Amino acid sequence: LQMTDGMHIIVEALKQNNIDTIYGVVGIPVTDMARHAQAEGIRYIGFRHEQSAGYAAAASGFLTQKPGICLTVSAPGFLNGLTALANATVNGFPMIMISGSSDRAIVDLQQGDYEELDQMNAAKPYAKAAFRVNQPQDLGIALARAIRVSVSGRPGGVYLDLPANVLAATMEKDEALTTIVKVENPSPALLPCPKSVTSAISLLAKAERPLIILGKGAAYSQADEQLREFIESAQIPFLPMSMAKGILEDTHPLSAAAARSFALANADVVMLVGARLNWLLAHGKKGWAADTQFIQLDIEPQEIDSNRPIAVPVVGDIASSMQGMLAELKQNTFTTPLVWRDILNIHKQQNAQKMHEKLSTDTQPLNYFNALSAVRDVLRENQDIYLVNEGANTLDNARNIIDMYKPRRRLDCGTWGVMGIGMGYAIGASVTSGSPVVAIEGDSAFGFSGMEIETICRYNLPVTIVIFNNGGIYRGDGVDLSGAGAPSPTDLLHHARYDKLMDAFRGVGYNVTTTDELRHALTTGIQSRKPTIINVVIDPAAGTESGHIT
Amino acid sequence: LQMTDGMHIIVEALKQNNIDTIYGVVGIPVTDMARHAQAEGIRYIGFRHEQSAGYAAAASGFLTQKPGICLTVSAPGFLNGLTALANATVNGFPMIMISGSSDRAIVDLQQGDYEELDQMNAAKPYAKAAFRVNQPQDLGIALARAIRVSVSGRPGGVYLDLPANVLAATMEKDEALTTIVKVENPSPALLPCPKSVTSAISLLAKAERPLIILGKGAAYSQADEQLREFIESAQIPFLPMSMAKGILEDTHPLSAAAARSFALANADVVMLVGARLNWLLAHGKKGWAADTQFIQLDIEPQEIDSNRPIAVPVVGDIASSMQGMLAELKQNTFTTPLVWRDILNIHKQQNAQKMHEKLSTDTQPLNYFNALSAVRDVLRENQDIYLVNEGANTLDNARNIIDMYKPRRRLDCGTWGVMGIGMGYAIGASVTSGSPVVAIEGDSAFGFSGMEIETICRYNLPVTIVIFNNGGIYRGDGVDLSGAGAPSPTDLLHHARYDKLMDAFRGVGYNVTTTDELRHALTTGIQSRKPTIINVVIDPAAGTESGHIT
Amino acid sequence: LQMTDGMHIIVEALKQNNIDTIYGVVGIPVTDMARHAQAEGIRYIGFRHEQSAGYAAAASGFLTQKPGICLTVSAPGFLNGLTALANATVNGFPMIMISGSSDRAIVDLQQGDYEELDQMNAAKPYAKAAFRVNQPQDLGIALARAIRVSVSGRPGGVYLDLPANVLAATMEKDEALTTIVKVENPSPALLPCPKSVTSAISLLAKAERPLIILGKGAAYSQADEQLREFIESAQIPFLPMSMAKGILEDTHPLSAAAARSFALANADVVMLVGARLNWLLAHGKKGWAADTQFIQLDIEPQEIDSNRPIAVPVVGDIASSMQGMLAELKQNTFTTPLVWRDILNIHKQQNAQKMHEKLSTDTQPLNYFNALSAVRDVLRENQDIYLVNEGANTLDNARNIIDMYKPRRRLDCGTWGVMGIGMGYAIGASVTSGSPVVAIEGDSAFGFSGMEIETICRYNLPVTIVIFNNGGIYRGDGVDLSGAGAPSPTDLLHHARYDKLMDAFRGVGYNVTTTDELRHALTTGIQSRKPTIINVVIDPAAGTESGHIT
Ligand SMILES: Nc1ncnc2c1ncn2[C@@H]1O[C@H](COP(=O)(O)OP(=O)(O)O)[C@@H](O)[C@H]1O
Ligand SMILES: Nc1ncnc2c1ncn2[C@@H]1O[C@H](COP(=O)(O)OP(=O)(O)O)[C@@H](O)[C@H]1O
Ligand SMILES: Nc1ncnc2c1ncn2[C@@H]1O[C@H](COP(=O)(O)OP(=O)(O)O)[C@@H](O)[C@H]1O
Ligand SMILES: Cc1ncc(C[n+]2csc(CCOP(=O)(O)OP(=O)(O)O)c2C)c(N)n1
Ligand SMILES: Cc1ncc(C[n+]2csc(CCOP(=O)(O)OP(=O)(O)O)c2C)c(N)n1
Ligand SMILES: Cc1ncc(C[n+]2csc(CCOP(=O)(O)OP(=O)(O)O)c2C)c(N)n1
Ligand SMILES: [Mg+2]
Ligand SMILES: [Mg+2]
Ligand SMILES: [Mg+2]
């Protein structure tokens, strides 16, 4: 009569649900679980800090619509992972953080257990759901719930708490197998009200100056061909949000990106496709026409009327909504006013010329424009890469200058503006895709996850880390206002050589000061498939400090 | 008519309350505050991640009884800092995390503000109190509350939330000055019931086998001379918990450390001095006599009877309680039974011999014992250092082998067993004391805060980081059980050279493989006062993996 | 071999800790527990709603310094009791609410258990501590914790969660008895810093116009004789807060009550004794001298400097602090300036004149002043009674007009101004004391707990309920501003006859429209010891509506 235990049950449940990879940091009580998951054919990726493990899991979820799995220990590891779970929920990336926890009886009495925390309740504010499994026979259904919650509705983070006792708990093997649940279609199609689709098309056809905004929800939906067909059929100018860049190529003739300010100031009907009217769009206030009318395709009815009143909500999943939108358009065709497309193109050209001037003017030291022009030179020739990006000036300029050619290839600071997502997102992207990654990193930003370069080396991952070294936060020319000569609050070490970090882990380093050197280093980085750091010397005075001037 | 603003008011309040140092990471909306604090003479220490900034603040609080100040931005930075605030509260270290927050109106409506989070409510589970200041005239009293809460009762973390609007808000300068509060004596003496003191002494005098346990609460109290006088007067064997090592020197004749298991198994009366009967003491169950009677000196009445029933609670602050305990002993002297001290010494000697054998037997590669014997050789000659320590085997063995000679010189993983406190604790210790720090780090442990080596270099801090490189978590000889040849979940990169990391920041690196090399490198590290990493090659099979074997 | 179960263990634990009474409402899973507690000689008082059970428990706690026990079922009953637990914690009244809960496994997975709620975490925001007991061997220590937490520091509510499984769980009886914990002295003396006592006396001695404010913390402490001795020795004018009335008699020559506004506006040094500078004292702002200097005796260091900076904090328990204050006064005697006392008396005289004027003037219908004068006449001659009071006009006028002669006899809406405490407070006071109770109730206030008149009848409790029936909330002469003739939002039924409710339960009812009728009815009610309602017809226009006038 064969027995098994909780730890074996949960691994089998993960296996049956097509989990291929776990991202984590081990320790009591989950080391055996990780070892056994790896024994059973799941790829285990161990990190230097759980935050990056959680970011990697979230990245994998965004890219695939299958929740990323993050594994942590109890309280101290759990809390580190929770910061990443929170970010997944805020951005809408599906993942499950699985954490060991301690003795329920001791923790419930606050007696000072090993790594004591009510982790389930701790996670609740930051997750779509937090579940805790006390009986090994409930592990299968618990994971089924976790999967469904993570990927349904607006996707997000779920916390799954496994007390040490449940991992050790035994039951008969044959019986245990009957309790494992393989979830089919955890996020089924949800189709919008046909009347709302009809109203959406009717309003677009009446519009003098329509604009589509594609958010990362649009990207996530993978409805790439349908979105392109709709945009091209009615010739509707579109604006891609950061992680929606590439659904249509950034150089597409209908992209209004190069005239973003004008487009938002003047559009009379704006169709939001999986994009929130949050701070990233100034809440539809500053910079917008006074009486913009909105159509909004979103799966989350709670998002409607959060900021500006929405004239035409289209509630349902974007793929399904676009099916209806396309069928309605076919029956009631329209063409966006030529004069609107023309005026957009006039503004786009003026701005493109101003940009070109900056990109093409060499300086010493390098600035953000000529440095990113060099990067763009290389990426234009290496279009099958993933791009991770974080920083302040490093982020905003790379977003503007680096064109995406394919969808779901750009991963950045996102909705909460998190510095520290770089290495995790690179590891998750690389593991998930098998493709090279280029991480364009601010020097401050890099410092939040920089130890994970050892993880990149340990797994021989094709990540090239390009650090825009301006010697600090926003700028590197700060002064201690007391006169004491200390580093200012935004200064980092003068002329640090981040490339040299790779020596410790047998990776590759390049120091670059010119566009020619940068082009050569980055080309070699990508083609070599070797873990590489490129230290780029950037004018300490080139950047701008974000925020209000008093 | 001169005006000022919230940001100026809070800095002046910090100044008036003798805050000398702020540990933080800047960005919107706190960059100006940090710049101005530095202008006004406060030392600003900027980190690569807020977690280490928070750990540094907590360390400074433990060492001084003045709350450490940690400064962060809104949501993403706040959450990183919160993990450290939680650790301060769990350990009982006084600190205040001051964080910027966003627009109260937008956040209260969940409209998707920049870095949106109800941070005040987020912090509540992890802090003694979380306050939020909406009016600049309330900044003075808010800081007064924060100071009092952080250092009174059981000390801990307090969260102080400063919305961007309060920092910008103006008022008349003369009026503003009248609203600033300088707190005198925020943690006043609290004396125990005299009858409890009488009962405590009476029970000790009746005891056949009394034992004092000194916890880090005892250390924190700074009642070093009183504790020594009491212990020496009645000749009571004592056991120092980890961060209480050194209150009396570890080689003191009455230290029962070398017979810890015997002492706990046999003592009939145990006097807990600022030490919880939590997991670190097996909750007074496994390894303890069946009917141990307890005396407990603690400031927190809620701690009494958490685990074992306490026969004699002595509730009050330890310095005050020891005043009464000493006065009562003087009036009613006793001597601990000689036969108890003798049997303790018999066990201590046997264990010391077993230890000596391990310490003195050279091996190749080095193991934990001979490597820490080399460290002990050096530290015996450099007794005016601070010791930071984290890891699993690296922690337990260094705790056992490295003697402390002075109080409040040892900082480690603490109550929650956190990996990642090393660099923050080193920075906080170094800045607070002006003394050299030796950080004895596991290689996994180091990876949780390793980027802060740049911070150490930026401020030219005398920190020597000694990394016990066994190539992974607990051990470095793991195998992928699938047969695929991947790194196992506990393996780190084979033969990483952490010393080489310092090259990037113009620090010093040593690689060591023998005790002679280790002695030389560590001696040079300390004496040079230069930021140094020592990479110690440790037998990958020397350590033990913690946890239960199934 | 004799077995027992968790239900028997917790009952024995309550019995050993001198719990004499449980206030509750039963149902699954606690009915058997109540039956058995009652079998074992604990008095069981069953209510019509858990909120009143919780208020009764809190009142018992305030009167005795022994935590009142409230027993409820799972989710629905728990949540009702929680509202009362919250109120106890806000007011600082010691109590333990013990609730059954459902199946931890099902609730942790949110699968829709019977009465599903994580009650332990639900309670945390409203309680000093929330504990949940999973193993029957831990019941004794859990109760010990709950007791100690509830009465130590600032007393408050504690939540104790008993899953149905722990109640049914068995263990050996002999072993179970060894796990029961009898708590001795759960709130021991905590003595103030001697320097703070010296400073307090020195400041009072220098004061031209000193004033003591006695709060309900002072009443709770039971230091009646010490407080009186101090006040009378130095001849310090005092102001009692509502539930501190009667520590010294309200007609005491040194009471500044009749000149409260004058006293607060003109005192130069104010000594708060167990009283917060919260809204009840206008936060030390409106109506206070501009630069009042405060002395504050409080057990809670976190309370110091919450509102106005406190010149002399005296942190410790009031009984201990007053021992010190008296000793220090005896060595350094003083009396307050006679001029200050004489001038206070001038102002009291003026206000008492105007008060007794209104009190003595008949009207038809009755108003608050002449009605409460009649009440005052009777209560003067029955100084053994407890006074419960709630309403708006009914509360404020009764507080001013009805003098208390003995301490801890007045129970009211308290710090959160709760309507709905009346019946519960009356039942708790009557059961605790064995004395008659008079509840002076607004008609709206009464409606919040009125069904508990059946409970009063069921237990034949000597409660006389005097309802000030003005036909509404504040006033009874509101008008529907639409012109439709509906009751206004503040109107209750015209000429309701609440005395008739007693007929349902075989109680006594009186309807009164004159002061002579009221005198007779109230005298008869108290003397008869029978449950009685007196419906007092009050002029609908007599009251004032509280709040800001636009
Ligand atoms: N498959 C889907 N169908 C419809 N809406 C989706 C889908 N996936 C995500 N969403 C919605 O997409 C939106 C993403 O918005 P946001 O994260 O603000 O994007 P951006 O930052 O690119 O503007 C969310 O409101 C979310 O509910
Ligand atoms: N000055 C003080 N006086 C009395 N008790 C204190 C003081 N400072 C801290 N404490 C108490 O000291 C205890 C520290 O215990 P703990 O952190 O468990 O130490 P350890 O890990 O060394 O056993 C806490 O229970 C805390 O309330
Ligand atoms: N035994 C005691 N010794 C000292 N302070 C106490 C004691 N019991 C309660 N307190 C304190 O008494 C205060 C009561 O204040 P509060 O409820 O505002 O009274 P009031 O409403 O009468 O002004 C609280 O601050 C509490 O901490
Ligand atoms: C976790 C976290 N901490 C702090 C911030 C505040 N912050 C915004 S940008 C930034 C870094 C900007 O400097 P860098 O990455 O070097 O980019 P640069 O502008 O210099 O190119 C920081 C720390 C944040 N967004 N997230
Ligand atoms: C934040 C956090 N994550 C994970 C753990 C689990 N954990 C316990 S010890 C340990 C590291 C042990 O390895 P190392 O520091 O290299 O010490 P060694 O035993 O190898 O000397 C970890 C990751 C923890 N305590 N804290
Ligand atoms: C639980 C609760 N709900 C509502 C209120 C608001 N409130 C203040 S006074 C009051 C009743 C006032 O009317 P009444 O009790 O009849 O006294 P009157 O002034 O008419 O004498 C109410 C409902 C409250 N304090 N508590
Ligand atoms: Mg930078
Ligand atoms: Mg190691
Ligand atoms: Mg009324």
# chains A, B, ... in the order shown; residues from 1 in each chain; ligands from 1
>>> residues_around(residues="residue 233 in chain C", least_positions_apart="5", cutoff="9 Å", atoms="only C-alpha atoms", output="PyMOL selection string")
chain C and resi 228+329+333-335
>>> write_last_selection(atoms="N, CA and C atoms", output="PDB file, in the first residue's frame")
ATOM      1  N   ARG C 228      -8.524  61.677  46.420  1.00  0.00           N
ATOM      2  CA  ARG C 228      -9.181  62.617  47.323  1.00  0.00           C
ATOM      3  C   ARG C 228      -8.175  63.264  48.273  1.00  0.00           C
ATOM      4  N   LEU C 329       4.521  65.370  47.793  1.00  0.00           N
ATOM      5  CA  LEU C 329       3.772  66.500  48.359  1.00  0.00           C
ATOM      6  C   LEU C 329       4.004  66.632  49.861  1.00  0.00           C
ATOM      7  N   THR C 333       5.182  70.530  50.859  1.00  0.00           N
ATOM      8  CA  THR C 333       3.768  70.874  50.871  1.00  0.00           C
ATOM      9  C   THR C 333       3.525  72.195  50.165  1.00  0.00           C
ATOM     10  N   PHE C 334       2.284  72.383  49.725  1.00  0.00           N
ATOM     11  CA  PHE C 334       1.800  73.667  49.222  1.00  0.00           C
ATOM     12  C   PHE C 334       0.272  73.596  49.234  1.00  0.00           C
ATOM     13  N   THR C 335      -0.380  74.758  49.248  1.00  0.00           N
ATOM     14  CA  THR C 335      -1.787  74.832  48.862  1.00  0.00           C
ATOM     15  C   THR C 335      -1.913  75.770  47.672  1.00  0.00           C
TER      16      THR C 335
END
>>> interface_residues(of="chain C", to="chain A", cutoff="9 Å", atoms="only C-alpha atoms", output="PyMOL selection string")
chain C and resi 104-106+108-110+120-121+130-135+138+142
>>> select_by_dssp(residues="range 400-441 of chain C", states="strand (DSSP E)", output="list in words")
residues 410, 411, 412, 437, 438, 439, 440 and 441 of chain C
>>> write_last_selection(atoms="N, CA, C and O atoms", output="CSV table (one decimal), in the first residue's frame")
chain,number,residue,atom,x,y,z
C,410,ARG,N,-21.4,55.6,37.1
C,410,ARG,CA,-22.0,56.3,35.9
C,410,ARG,C,-21.4,55.6,34.7
C,410,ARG,O,-20.2,55.6,34.5
C,411,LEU,N,-22.3,55.1,33.8
C,411,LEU,CA,-21.8,54.5,32.6
C,411,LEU,C,-22.5,55.1,31.4
C,411,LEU,O,-23.8,55.2,31.4
C,412,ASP,N,-21.8,55.5,30.3
C,412,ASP,CA,-22.5,56.3,29.3
C,412,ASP,C,-21.9,56.0,27.9
C,412,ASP,O,-21.1,55.1,27.7
C,437,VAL,N,-30.3,49.7,39.2
C,437,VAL,CA,-29.8,50.5,38.1
C,437,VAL,C,-30.9,51.4,37.6
C,437,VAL,O,-32.1,51.0,37.5
C,438,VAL,N,-30.6,52.7,37.3
C,438,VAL,CA,-31.4,53.6,36.6
C,438,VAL,C,-30.8,54.0,35.3
C,438,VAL,O,-29.7,54.5,35.3
C,439,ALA,N,-31.5,53.7,34.2
C,439,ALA,CA,-31.0,54.1,32.9
C,439,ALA,C,-31.8,55.3,32.4
C,439,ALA,O,-33.0,55.2,32.2
C,440,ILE,N,-31.1,56.4,32.2
C,440,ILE,CA,-31.8,57.6,31.7
C,440,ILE,C,-31.5,57.6,30.2
C,440,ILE,O,-30.4,57.9,29.7
C,441,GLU,N,-32.5,57.3,29.4
C,441,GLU,CA,-32.4,57.1,27.9
C,441,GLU,C,-33.1,58.1,27.1
C,441,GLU,O,-34.2,58.4,27.3
>>> residues_around(residues="residue 173 in chain C", least_positions_apart="2", cutoff="7 Å", atoms="only C-alpha atoms", output="list in words")
residues 2, 3, 4, 171, 175, 176 and 177 of chain C
>>> residues_near_ligand(ligand="ligand 7", cutoff="12 Å", atoms="only C-alpha atoms and all ligand atoms", output="ChimeraX atom specification")
/A:367-368,390-395,419,440-447,467-478,490-496,535-545 /B:27,48
>>> residues_around(residues="residue 378 in chain A", least_positions_apart="4", cutoff="10 Å", atoms="only C-alpha atoms", output="ChimeraX atom specification")
/A:372-374,382-383,518-524,526
>>> residues_around(residues="residue 528 in chain A", least_positions_apart="3", cutoff="10 Å", atoms="only C-alpha atoms", output="list in words")
residues 436, 462, 463, 464, 508, 522, 523, 524, 525, 531 and 532 of chain A
>>> residues_near_ligand(ligand="ligand 1", cutoff="9 Å", atoms="only C-alpha atoms and all ligand atoms", output="PyMOL selection string")
(chain A and resi 90-93+151-155+189-190+213-223+240-244+272-281+297-304+315-321+414-415) or (chain B and resi 112)
>>> select_by_dssp(residues="range 306-529 of chain A", states="alpha helix (DSSP H)", output="PyMOL selection string")
chain A and resi 318-331+338-360+368-379+393-401+422-433+443-447+453-458+515-528
>>> residues_around(residues="range 323-327 of chain C", least_positions_apart="6", cutoff="9 Å", atoms="only C-alpha atoms", output="list in words")
residues 191, 192, 194, 197, 198, 200, 201, 226, 229 and 230 of chain C
>>> write_last_selection(atoms="N, CA and C atoms", output="CSV table (one decimal), in the first residue's frame")
chain,number,residue,atom,x,y,z
C,191,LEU,N,5.6,51.7,38.4
C,191,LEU,CA,5.8,52.9,39.1
C,191,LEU,C,6.5,54.0,38.2
C,192,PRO,N,6.1,55.2,38.3
C,192,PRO,CA,6.7,56.3,37.5
C,192,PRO,C,8.1,56.7,37.9
C,194,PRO,N,10.8,58.7,39.4
C,194,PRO,CA,10.7,59.6,40.5
C,194,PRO,C,11.0,61.1,40.1
C,197,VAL,N,7.8,62.6,39.0
C,197,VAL,CA,6.9,62.9,40.1
C,197,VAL,C,7.4,64.3,40.8
C,198,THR,N,8.7,64.4,41.0
C,198,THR,CA,9.3,65.6,41.5
C,198,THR,C,8.9,66.9,40.7
C,200,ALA,N,6.4,67.2,38.6
C,200,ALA,CA,5.0,67.4,38.6
C,200,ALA,C,4.6,68.2,39.8
C,201,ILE,N,5.1,67.8,41.0
C,201,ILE,CA,4.8,68.6,42.2
C,201,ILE,C,5.3,70.0,42.2
C,226,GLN,N,-6.6,57.9,47.6
C,226,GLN,CA,-5.4,58.7,47.2
C,226,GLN,C,-5.7,60.0,46.5
C,229,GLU,N,-7.3,62.5,48.8
C,229,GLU,CA,-6.3,63.0,49.8
C,229,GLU,C,-5.4,64.0,49.1
C,230,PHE,N,-5.0,63.8,47.9
C,230,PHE,CA,-4.1,64.7,47.2
C,230,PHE,C,-4.9,66.0,46.9
>>> closest_residue(among="C:89, C:511, C:449, C:360", to="ligand 6", atoms="only C-alpha atoms and all ligand atoms")
C:449
>>> decode(residues="range 108-132 of chain C", atoms="N, CA and C atoms", output="CSV table (one decimal), in the first residue's frame")
chain,number,residue,atom,x,y,z
C,108,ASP,N,-10.0,28.5,5.4
C,108,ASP,CA,-8.7,28.9,4.8
C,108,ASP,C,-8.7,28.8,3.3
C,109,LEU,N,-9.6,28.0,2.7
C,109,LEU,CA,-9.7,27.8,1.3
C,109,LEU,C,-10.8,28.6,0.7
C,110,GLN,N,-11.6,29.3,1.6
C,110,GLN,CA,-12.7,30.2,1.2
C,110,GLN,C,-13.7,29.4,0.4
C,111,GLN,N,-14.0,28.2,0.8
C,111,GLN,CA,-14.9,27.3,0.1
C,111,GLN,C,-16.3,27.4,0.4
C,112,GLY,N,-16.6,28.4,1.3
C,112,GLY,CA,-18.0,28.6,1.7
C,112,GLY,C,-18.5,27.7,2.9
C,113,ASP,N,-17.7,27.7,3.9
C,113,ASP,CA,-18.0,27.0,5.2
C,113,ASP,C,-19.3,27.6,5.8
C,114,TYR,N,-20.0,26.9,6.6
C,114,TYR,CA,-21.0,27.4,7.6
C,114,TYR,C,-20.3,28.6,8.3
C,115,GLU,N,-21.0,29.7,8.3
C,115,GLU,CA,-20.6,30.9,9.0
C,115,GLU,C,-19.0,31.2,8.8
C,116,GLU,N,-18.7,31.3,7.5
C,116,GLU,CA,-17.2,31.4,7.2
C,116,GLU,C,-16.7,32.8,7.3
C,117,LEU,N,-15.7,32.9,8.1
C,117,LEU,CA,-15.0,34.2,8.3
C,117,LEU,C,-13.7,33.9,9.0
C,118,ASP,N,-12.6,34.6,8.6
C,118,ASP,CA,-11.4,34.5,9.4
C,118,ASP,C,-11.6,35.5,10.5
C,119,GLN,N,-12.2,35.0,11.6
C,119,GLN,CA,-12.6,35.9,12.7
C,119,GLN,C,-11.4,36.5,13.5
C,120,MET,N,-10.4,35.7,13.5
C,120,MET,CA,-9.2,36.2,14.3
C,120,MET,C,-8.6,37.4,13.6
C,121,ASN,N,-8.4,37.4,12.3
C,121,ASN,CA,-8.0,38.6,11.6
C,121,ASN,C,-9.0,39.7,11.5
C,122,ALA,N,-10.3,39.3,11.4
C,122,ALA,CA,-11.3,40.3,11.5
C,122,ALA,C,-11.3,41.2,12.8
C,123,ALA,N,-10.9,40.5,13.9
C,123,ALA,CA,-11.0,41.2,15.2
C,123,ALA,C,-9.8,42.1,15.4
C,124,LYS,N,-8.6,41.8,14.8
C,124,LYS,CA,-7.4,42.5,15.1
C,124,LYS,C,-7.4,44.0,15.1
C,125,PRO,N,-8.0,44.7,14.1
C,125,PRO,CA,-8.1,46.1,14.2
C,125,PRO,C,-8.8,46.7,15.4
C,126,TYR,N,-9.6,45.9,16.1
C,126,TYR,CA,-10.6,46.3,17.1
C,126,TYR,C,-10.2,45.8,18.5
C,127,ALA,N,-9.1,45.1,18.6
C,127,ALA,CA,-8.7,44.4,19.8
C,127,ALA,C,-7.3,44.6,20.1
C,128,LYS,N,-6.9,44.6,21.4
C,128,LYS,CA,-5.5,44.6,21.8
C,128,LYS,C,-4.8,43.4,21.3
C,129,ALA,N,-5.5,42.3,21.2
C,129,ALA,CA,-4.9,41.1,20.6
C,129,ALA,C,-6.0,40.2,20.2
C,130,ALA,N,-5.7,39.3,19.2
C,130,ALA,CA,-6.7,38.3,18.7
C,130,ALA,C,-5.9,37.0,18.6
C,131,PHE,N,-6.4,36.0,19.4
C,131,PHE,CA,-5.8,34.7,19.5
C,131,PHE,C,-6.7,33.6,19.0
C,132,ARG,N,-6.2,32.6,18.4
C,132,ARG,CA,-7.0,31.4,17.9
C,132,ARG,C,-6.4,30.1,18.4
